[PDB]
file entry07.cif (mmCIF, C-alpha atoms and all ligand atoms)
data_work
loop_
_atom_site.label_atom_id
_atom_site.label_comp_id
_atom_site.auth_asym_id
_atom_site.auth_seq_id
_atom_site.Cartn_x
_atom_site.Cartn_y
_atom_site.Cartn_z
CA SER A 1 119.04 129.42 96.74
CA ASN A 2 117.53 128.08 93.49
CA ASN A 3 114.23 126.33 94.29
CA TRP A 4 114.86 122.73 93.16
CA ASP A 5 113.05 120.89 95.97
CA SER A 6 109.60 121.44 94.46
CA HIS A 7 110.71 120.24 91.01
CA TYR A 8 112.50 117.12 92.27
CA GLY A 9 110.44 116.44 95.38
CA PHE A 10 113.26 115.38 97.68
CA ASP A 11 115.42 117.21 100.23
CA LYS A 12 118.71 118.79 99.09
CA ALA A 13 117.68 118.51 95.43
CA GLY A 14 119.79 121.62 94.72
CA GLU A 15 122.92 119.72 95.67
CA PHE A 16 122.08 116.67 93.57
CA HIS A 17 120.98 118.77 90.60
CA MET A 18 124.47 120.05 89.88
CA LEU A 19 126.32 116.74 90.25
CA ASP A 20 128.06 114.90 87.41
CA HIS A 21 126.13 111.64 87.00
CA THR A 22 128.20 110.07 84.23
CA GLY A 23 130.05 107.77 86.65
CA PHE A 24 126.81 105.86 87.11
CA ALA A 25 126.02 105.20 83.45
CA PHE A 26 125.99 101.42 83.85
CA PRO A 27 125.58 99.44 80.60
CA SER A 28 121.90 98.52 80.19
CA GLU A 29 119.70 96.39 77.93
CA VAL A 30 116.06 95.43 77.47
CA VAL A 31 115.24 91.84 78.46
CA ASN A 32 111.67 90.54 78.28
CA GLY A 33 110.45 94.13 78.05
CA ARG A 34 112.37 95.33 81.11
CA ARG A 35 115.27 97.74 81.46
CA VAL A 36 118.15 95.88 83.12
CA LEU A 37 121.75 96.61 84.10
CA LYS A 38 124.81 94.52 83.34
CA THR A 39 126.21 92.91 86.49
CA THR A 40 129.20 95.02 87.54
CA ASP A 41 130.63 96.89 90.54
CA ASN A 42 128.25 94.99 92.87
CA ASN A 43 125.33 96.88 91.33
CA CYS A 44 122.83 94.05 91.57
CA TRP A 45 120.92 95.77 94.40
CA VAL A 46 120.26 98.59 91.91
CA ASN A 47 119.22 96.24 89.13
CA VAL A 48 116.59 94.46 91.20
CA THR A 49 115.38 97.63 92.92
CA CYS A 50 114.61 99.14 89.50
CA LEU A 51 113.17 95.88 88.16
CA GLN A 52 110.57 95.80 90.92
CA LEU A 53 109.69 99.45 90.24
CA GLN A 54 108.99 98.39 86.66
CA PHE A 55 107.05 95.26 87.54
CA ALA A 56 104.92 97.38 89.90
CA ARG A 57 104.33 100.03 87.19
CA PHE A 58 104.99 102.68 89.85
CA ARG A 59 105.29 106.40 89.09
CA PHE A 60 106.98 109.12 91.14
CA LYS A 61 105.06 112.11 92.53
CA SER A 62 107.44 114.85 91.37
CA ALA A 63 108.18 116.05 87.84
CA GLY A 64 111.91 115.69 88.34
CA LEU A 65 111.98 112.15 89.75
CA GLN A 66 109.50 110.85 87.21
CA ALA A 67 111.53 112.31 84.36
CA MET A 68 114.65 110.66 85.84
CA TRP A 69 112.81 107.38 86.18
CA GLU A 70 111.39 107.53 82.67
CA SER A 71 114.92 108.25 81.35
CA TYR A 72 116.16 105.18 83.19
CA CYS A 73 113.54 102.98 81.55
CA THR A 74 114.47 104.26 78.09
CA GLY A 75 118.15 103.55 78.73
CA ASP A 76 119.55 106.89 79.95
CA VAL A 77 120.19 105.42 83.38
CA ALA A 78 122.92 107.55 84.95
CA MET A 79 120.93 110.21 86.77
CA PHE A 80 118.42 107.86 88.40
CA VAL A 81 121.14 105.35 89.36
CA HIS A 82 123.30 108.10 90.84
CA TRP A 83 120.27 109.29 92.85
CA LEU A 84 119.85 105.82 94.36
CA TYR A 85 123.47 105.80 95.56
CA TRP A 86 123.22 109.42 96.67
CA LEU A 87 119.96 108.87 98.59
CA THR A 88 121.05 105.66 100.33
CA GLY A 89 124.61 106.90 100.89
CA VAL A 90 126.11 103.80 99.27
CA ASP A 91 129.58 103.92 97.62
CA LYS A 92 129.79 102.94 93.96
CA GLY A 93 131.36 99.49 93.84
CA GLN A 94 129.90 98.32 97.16
CA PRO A 95 127.05 95.83 97.63
CA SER A 96 123.86 97.01 99.32
CA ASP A 97 120.29 96.17 100.33
CA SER A 98 117.45 96.51 97.81
CA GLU A 99 114.73 96.25 100.48
CA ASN A 100 116.27 99.16 102.38
CA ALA A 101 116.38 101.16 99.12
CA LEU A 102 112.75 100.35 98.28
CA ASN A 103 111.65 101.37 101.78
CA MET A 104 113.41 104.74 101.27
CA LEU A 105 111.75 105.16 97.88
CA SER A 106 108.22 104.54 99.15
CA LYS A 107 107.45 108.13 100.23
CA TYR A 108 108.26 109.42 96.72
CA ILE A 109 105.94 107.08 94.83
CA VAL A 110 102.35 107.80 93.74
CA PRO A 111 100.12 105.54 95.90
CA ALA A 112 98.72 102.69 93.82
CA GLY A 113 97.29 100.16 96.22
CA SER A 114 95.96 99.11 99.57
CA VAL A 115 97.14 96.20 101.69
CA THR A 116 95.15 94.70 104.54
CA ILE A 117 97.23 92.94 107.20
CA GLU A 118 95.40 90.77 109.71
CA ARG A 119 96.75 89.88 113.13
CA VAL A 120 94.76 86.94 114.42
CA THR A 121 94.93 83.82 116.57
CA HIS A 122 93.95 80.42 115.22
CA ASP A 123 90.58 80.27 117.00
CA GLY A 124 89.77 83.93 116.40
CA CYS A 125 89.85 84.91 120.08
CA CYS A 126 91.83 88.03 119.20
CA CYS A 127 91.76 89.80 115.85
CA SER A 128 92.85 93.17 114.51
CA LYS A 129 93.47 94.61 111.04
CA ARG A 130 95.40 97.48 109.53
CA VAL A 131 95.19 98.98 106.08
CA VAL A 132 98.45 100.20 104.56
CA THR A 133 98.55 102.49 101.52
CA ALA A 134 102.33 102.92 101.38
CA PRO A 135 103.60 101.66 98.00
CA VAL A 136 106.14 99.53 99.89
CA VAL A 137 104.77 97.39 102.74
CA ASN A 138 106.77 95.43 105.29
CA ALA A 139 105.04 92.12 105.96
CA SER A 140 105.46 88.38 105.42
CA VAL A 141 105.76 87.23 101.83
CA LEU A 142 104.15 83.94 102.93
CA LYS A 143 100.40 83.35 102.74
CA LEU A 144 100.55 81.89 106.26
CA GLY A 145 102.42 84.91 107.57
CA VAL A 146 104.50 85.11 110.75
CA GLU A 147 104.04 84.50 114.48
CA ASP A 148 104.00 87.78 116.37
CA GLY A 149 103.78 87.22 120.14
CA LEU A 150 101.13 85.88 122.54
CA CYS A 151 97.57 87.09 122.90
CA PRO A 152 96.10 87.40 126.42
CA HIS A 153 94.50 83.95 125.99
CA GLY A 154 97.86 82.30 125.38
CA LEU A 155 97.74 81.78 121.61
CA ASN A 156 100.17 83.10 119.01
CA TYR A 157 99.15 86.13 116.99
CA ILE A 158 99.59 85.38 113.28
CA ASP A 159 100.39 88.44 111.17
CA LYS A 160 99.58 87.98 107.47
CA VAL A 161 98.57 89.83 104.31
CA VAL A 162 94.95 88.98 103.59
CA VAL A 163 93.95 91.52 100.91
CA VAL A 164 95.88 93.48 98.27
CA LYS A 165 94.05 96.07 96.18
CA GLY A 166 95.93 97.58 93.28
CA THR A 167 99.69 97.16 93.35
CA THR A 168 102.21 96.95 96.18
CA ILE A 169 105.70 95.69 96.92
CA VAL A 170 105.67 93.42 99.99
CA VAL A 171 109.06 93.45 101.67
CA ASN A 172 109.58 90.34 103.79
CA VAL A 173 110.11 90.67 107.53
CA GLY A 174 113.02 88.57 108.78
CA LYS A 175 115.60 86.65 106.75
CA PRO A 176 115.25 85.70 103.06
CA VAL A 177 112.77 82.81 103.00
CA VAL A 178 112.63 79.55 101.06
CA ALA A 179 109.31 77.84 100.38
CA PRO A 180 107.31 76.00 97.71
CA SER A 181 106.19 78.63 95.20
CA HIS A 182 102.49 78.19 95.91
CA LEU A 183 102.94 79.13 99.60
CA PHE A 184 104.14 82.67 98.74
CA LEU A 185 101.80 85.55 98.16
CA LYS A 186 101.00 85.33 94.44
CA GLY A 187 102.99 88.02 92.68
CA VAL A 188 104.21 89.01 89.24
CA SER A 189 107.85 89.03 90.36
CA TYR A 190 110.02 87.88 93.26
CA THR A 191 113.31 89.38 94.30
CA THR A 192 115.61 86.63 95.54
CA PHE A 193 118.98 86.63 97.29
CA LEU A 194 121.17 83.57 96.77
CA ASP A 195 124.54 82.36 97.99
CA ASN A 196 127.22 83.29 95.46
CA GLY A 197 130.14 81.38 96.99
CA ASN A 198 133.11 82.29 99.22
CA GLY A 199 134.71 85.70 98.76
CA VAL A 200 131.66 87.62 97.57
CA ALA A 201 128.29 88.84 98.87
CA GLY A 202 125.09 86.94 98.07
CA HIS A 203 123.56 87.69 94.67
CA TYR A 204 120.31 89.56 93.90
CA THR A 205 118.05 88.45 91.01
CA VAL A 206 114.35 88.73 90.13
CA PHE A 207 112.17 85.73 89.36
CA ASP A 208 109.62 86.48 86.62
CA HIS A 209 106.33 84.68 87.36
CA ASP A 210 104.88 84.54 83.82
CA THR A 211 107.94 83.05 82.10
CA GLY A 212 109.39 81.17 85.06
CA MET A 213 112.74 82.72 84.07
CA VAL A 214 115.09 84.88 86.17
CA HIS A 215 116.43 88.38 85.54
CA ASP A 216 120.12 88.07 86.44
CA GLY A 217 121.88 91.33 85.63
CA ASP A 218 121.12 91.80 81.94
CA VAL A 219 120.48 88.14 81.06
CA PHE A 220 117.52 85.78 81.36
CA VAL A 221 118.38 82.53 83.13
CA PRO A 222 116.43 79.41 84.07
CA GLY A 223 115.31 79.48 87.69
CA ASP A 224 113.53 77.61 90.44
CA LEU A 225 111.50 79.75 92.83
CA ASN A 226 111.06 76.75 95.11
CA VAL A 227 114.71 76.96 96.19
CA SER A 228 115.31 80.73 95.93
CA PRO A 229 115.30 82.78 99.16
CA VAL A 230 112.72 85.52 98.64
CA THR A 231 113.19 89.07 100.00
CA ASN A 232 110.26 90.92 98.36
CA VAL A 233 107.33 90.38 96.00
CA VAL A 234 105.37 92.61 93.64
CA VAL A 235 101.70 91.83 94.17
CA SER A 236 99.61 93.47 91.48
CA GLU A 237 96.15 93.53 90.00
CA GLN A 238 96.89 95.65 86.97
CA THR A 239 94.52 98.07 85.31
CA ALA A 240 93.72 97.69 81.60
CA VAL A 241 94.25 101.27 80.43
CA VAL A 242 96.93 103.65 81.74
CA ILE A 243 95.43 106.92 83.00
CA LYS A 244 97.45 110.15 82.92
CA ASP A 245 96.42 113.70 83.82
CA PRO A 246 96.76 116.57 81.34
CA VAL A 247 99.63 118.95 82.18
CA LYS A 248 98.41 122.23 83.70
ZN ZN B 301 93.28 85.85 122.36
#
call {"tool": "encode", "arguments": {"input": "entry07.cif", "output": "structure tokens", "more": "lines below"}}
Ligand SMILES: [Zn+2]
result
Amino acid sequence: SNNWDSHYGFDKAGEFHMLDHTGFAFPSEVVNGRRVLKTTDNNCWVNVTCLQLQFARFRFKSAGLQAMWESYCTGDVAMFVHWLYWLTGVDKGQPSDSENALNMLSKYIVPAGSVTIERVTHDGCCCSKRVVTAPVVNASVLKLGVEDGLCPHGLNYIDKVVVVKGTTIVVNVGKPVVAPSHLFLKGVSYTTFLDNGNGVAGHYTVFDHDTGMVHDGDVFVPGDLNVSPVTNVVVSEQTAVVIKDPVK
């Protein structure tokens, strides 16, 4: 069998490699410097998955995936988009979950950060910490975090992100959450999931912190983060100069 797994860096690459991807060439544009897809066929989970990859400035470990990803950013989107549907097993035309997609993508991404999550009671009687270097971390998107059971002394453990080094995507635990903007972890971008009315699934968009505008499909719309249920946040302290390695 032709050895495609080492080029692409994912299982069954040889199957994917031969597939026709043209069915996934969604119309795309550049809005505020980001590659975005026109809303169609319930593809908003794809749009916001790829937006957060861009906001995070992530790169993929393998030659094949990174070339696919770079093609996506420059507007040749079909192969990377097809791979997302292929990997997650989602049917074209059906709505899906961006957080689930991002969690699947994590193992393929070049590590770029470190997240410290503290589990502590309010008087400090019990305290523990873990350091996560996965590109995608599952934790509260709120500064105050989440309650996580009782300690032996009868207080609630509070589980919260206390340090982020580099860049990460924090995927909220629990349902999409609404709060005043300043109570969220401070991030460059916020994926939100809003009610879209009867008959249709909720709608995915990405709130852009620096402009205060919202990526909605391929348009830029006014938004209010204070009333938008957040599902994930890109937390990033960016580097000034991009560093690449010479090709061997
Ligand atoms: Zn305790």
call {"tool": "residues_around", "arguments": {"input": "entry07.cif", "residues": "segment 215-223 of chain A", "least_positions_apart": "5", "cutoff": "9 Å", "atoms": "only C-alpha atoms", "output": "ChimeraX atom specification"}}
result
/A:27-32,35-40,43-44,47-48,51,203-208,228
call {"tool": "residues_around", "arguments": {"input": "entry07.cif", "residues": "segment 71-74 of chain A", "least_positions_apart": "2", "cutoff": "12 Å", "atoms": "only C-alpha atoms", "output": "PyMOL selection string"}}
result
chain A and resi 24-31+33-37+46-47+50-51+53-55+57-59+64-69+76-84
call {"tool": "residues_near_point", "arguments": {"input": "entry07.cif", "point": "(103.2, 108.6, 92.5)", "cutoff": "9 Å", "atoms": "only C-alpha atoms", "output": "list in words"}}
result
residues 58, 59, 60, 61, 62, 66, 107, 108, 109, 110, 111, 112 and 135 of chain A
call {"tool": "closest_residue", "arguments": {"input": "entry07.cif", "among": "A:3, A:156, A:52, A:42", "to": "ligand ZN 301 (chain B)", "atoms": "all atoms listed in the file"}}
result
A:156
call {"tool": "closest_residue", "arguments": {"input": "entry07.cif", "among": "A:233, A:41, A:15, A:125", "to": "residue 95 of chain A", "atoms": "all atoms listed in the file"}}
result
A:41
call {"tool": "residues_near_ligand", "arguments": {"input": "entry07.cif", "ligand": "ligand ZN 301 (chain B)", "cutoff": "12 Å", "atoms": "all atoms listed in the file", "output": "list in words"}}
result
residues 119, 120, 121, 122, 123, 124, 125, 126, 127, 128, 149, 150, 151, 152, 153, 154, 155, 156, 157 and 158 of chain A
call {"tool": "closest_residue", "arguments": {"input": "entry07.cif", "among": "A:161, A:235, A:134, A:139", "to": "residue 189 of chain A", "atoms": "all atoms listed in the file"}}
result
A:235
call {"tool": "closest_residue", "arguments": {"input": "entry07.cif", "among": "A:94, A:239, A:167, A:172", "to": "residue 114 of chain A", "atoms": "all atoms listed in the file"}}
result
A:167
call {"tool": "residues_around", "arguments": {"input": "entry07.cif", "residues": "residue 225 of chain A", "least_positions_apart": "5", "cutoff": "10 Å", "atoms": "only C-alpha atoms", "output": "NGL selection string"}}
result
:A and (178-182 or 184 or 190-192 or 206-209 or 212-214 or 230)
call {"tool": "atom_distance", "arguments": {"input": "entry07.cif", "atom1": "atom CA of residue 199 of chain A", "atom2": "atom CA of residue 90 of chain A"}}
result
20.0 Å
call {"tool": "closest_residue", "arguments": {"input": "entry07.cif", "among": "A:45, A:56, A:116, A:138", "to": "residue 201 of chain A", "atoms": "all atoms listed in the file"}}
result
A:45
call {"tool": "atom_distance", "arguments": {"input": "entry07.cif", "atom1": "atom CA of residue 148 of chain A", "atom2": "atom CA of residue 195 of chain A"}}
result
28.1 Å
call {"tool": "atom_distance", "arguments": {"input": "entry07.cif", "atom1": "atom CA of residue 105 of chain A", "atom2": "atom CA of residue 248 of chain A"}}
result
25.9 Å
call {"tool": "axis_aligned_box", "arguments": {"input": "entry07.cif", "around": "segment 233-240 of chain A", "padding_each_side": "4 Å", "output": "AutoDock Vina command-line options"}}
result
--center_x 100.5 --center_y 94.2 --center_z 88.8 --size_x 21.6 --size_y 15.7 --size_z 22.4
call {"tool": "residues_around", "arguments": {"input": "entry07.cif", "residues": "residue 146 of chain A", "least_positions_apart": "6", "cutoff": "7 Å", "atoms": "all atoms listed in the file", "output": "MDAnalysis selection string"}}
result
chainID A and resid 140 158:160
call {"tool": "build_atoms", "arguments": {"input": "entry07.cif", "residues": "segment 18-38 of chain A", "atoms": "N, CA, C and O atoms", "output": "mmCIF file, in the coordinates of the input"}}
result
data_model
loop_
_atom_site.group_PDB
_atom_site.id
_atom_site.type_symbol
_atom_site.label_atom_id
_atom_site.label_comp_id
_atom_site.auth_asym_id
_atom_site.auth_seq_id
_atom_site.Cartn_x
_atom_site.Cartn_y
_atom_site.Cartn_z
ATOM 1 N N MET A 18 123.252 119.602 90.544
ATOM 2 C CA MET A 18 124.470 120.050 89.880
ATOM 3 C C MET A 18 125.528 118.962 89.703
ATOM 4 O O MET A 18 126.528 119.171 89.014
ATOM 5 N N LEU A 19 125.306 117.796 90.298
ATOM 6 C CA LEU A 19 126.320 116.740 90.250
ATOM 7 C C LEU A 19 126.491 116.123 88.860
ATOM 8 O O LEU A 19 125.540 116.017 88.078
ATOM 9 N N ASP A 20 127.721 115.706 88.584
ATOM 10 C CA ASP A 20 128.060 114.900 87.410
ATOM 11 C C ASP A 20 127.568 113.483 87.649
ATOM 12 O O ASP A 20 127.966 112.860 88.621
ATOM 13 N N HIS A 21 126.697 112.974 86.784
ATOM 14 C CA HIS A 21 126.130 111.640 87.000
ATOM 15 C C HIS A 21 126.779 110.567 86.131
ATOM 16 O O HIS A 21 126.419 109.392 86.215
ATOM 17 N N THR A 22 127.724 110.966 85.287
ATOM 18 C CA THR A 22 128.200 110.070 84.230
ATOM 19 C C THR A 22 128.932 108.842 84.771
ATOM 20 O O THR A 22 129.070 107.844 84.066
ATOM 21 N N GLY A 23 129.373 108.904 86.029
ATOM 22 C CA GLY A 23 130.050 107.770 86.650
ATOM 23 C C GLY A 23 129.107 106.615 86.928
ATOM 24 O O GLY A 23 129.538 105.499 87.230
ATOM 25 N N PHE A 24 127.812 106.874 86.803
ATOM 26 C CA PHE A 24 126.810 105.860 87.110
ATOM 27 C C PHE A 24 126.066 105.376 85.868
ATOM 28 O O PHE A 24 125.013 104.735 85.969
ATOM 29 N N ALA A 25 126.615 105.675 84.694
ATOM 30 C CA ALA A 25 126.020 105.200 83.450
ATOM 31 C C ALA A 25 126.360 103.737 83.218
ATOM 32 O O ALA A 25 127.144 103.409 82.330
ATOM 33 N N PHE A 26 125.783 102.853 84.033
ATOM 34 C CA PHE A 26 125.990 101.420 83.850
ATOM 35 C C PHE A 26 125.409 100.960 82.516
ATOM 36 O O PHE A 26 124.320 101.397 82.140
ATOM 37 N N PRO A 27 126.132 100.085 81.793
ATOM 38 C CA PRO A 27 125.580 99.440 80.600
ATOM 39 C C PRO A 27 124.221 98.809 80.888
ATOM 40 O O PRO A 27 124.056 98.138 81.921
ATOM 41 N N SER A 28 123.250 99.059 80.015
ATOM 42 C CA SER A 28 121.900 98.520 80.190
ATOM 43 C C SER A 28 121.362 97.922 78.900
ATOM 44 O O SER A 28 121.855 98.221 77.801
ATOM 45 N N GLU A 29 120.352 97.071 79.047
ATOM 46 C CA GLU A 29 119.700 96.390 77.930
ATOM 47 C C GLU A 29 118.213 96.256 78.230
ATOM 48 O O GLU A 29 117.764 96.575 79.324
ATOM 49 N N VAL A 30 117.459 95.765 77.257
ATOM 50 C CA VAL A 30 116.060 95.430 77.470
ATOM 51 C C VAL A 30 115.922 93.919 77.340
ATOM 52 O O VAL A 30 116.281 93.335 76.318
ATOM 53 N N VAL A 31 115.431 93.287 78.405
ATOM 54 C CA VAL A 31 115.240 91.840 78.460
ATOM 55 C C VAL A 31 113.805 91.558 78.866
ATOM 56 O O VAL A 31 113.356 92.055 79.889
ATOM 57 N N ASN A 32 113.083 90.801 78.047
ATOM 58 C CA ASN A 32 111.670 90.540 78.280
ATOM 59 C C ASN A 32 110.894 91.804 78.599
ATOM 60 O O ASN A 32 110.074 91.816 79.513
ATOM 61 N N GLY A 33 111.184 92.880 77.872
ATOM 62 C CA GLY A 33 110.450 94.130 78.050
ATOM 63 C C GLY A 33 110.892 94.999 79.210
ATOM 64 O O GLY A 33 110.310 96.062 79.440
ATOM 65 N N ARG A 34 111.919 94.577 79.940
ATOM 66 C CA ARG A 34 112.370 95.330 81.110
ATOM 67 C C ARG A 34 113.748 95.920 80.921
ATOM 68 O O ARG A 34 114.634 95.260 80.386
ATOM 69 N N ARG A 35 113.942 97.142 81.406
ATOM 70 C CA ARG A 35 115.270 97.740 81.460
ATOM 71 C C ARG A 35 116.100 97.068 82.551
ATOM 72 O O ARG A 35 115.680 97.011 83.710
ATOM 73 N N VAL A 36 117.277 96.570 82.181
ATOM 74 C CA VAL A 36 118.150 95.880 83.120
ATOM 75 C C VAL A 36 119.591 96.329 82.972
ATOM 76 O O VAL A 36 120.001 96.789 81.900
ATOM 77 N N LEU A 37 120.348 96.203 84.061
ATOM 78 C CA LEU A 37 121.750 96.610 84.100
ATOM 79 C C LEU A 37 122.686 95.410 84.099
ATOM 80 O O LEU A 37 122.451 94.440 84.814
ATOM 81 N N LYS A 38 123.767 95.524 83.349
ATOM 82 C CA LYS A 38 124.810 94.520 83.340
ATOM 83 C C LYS A 38 125.396 94.343 84.762
ATOM 84 O O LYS A 38 125.582 95.281 85.448
#
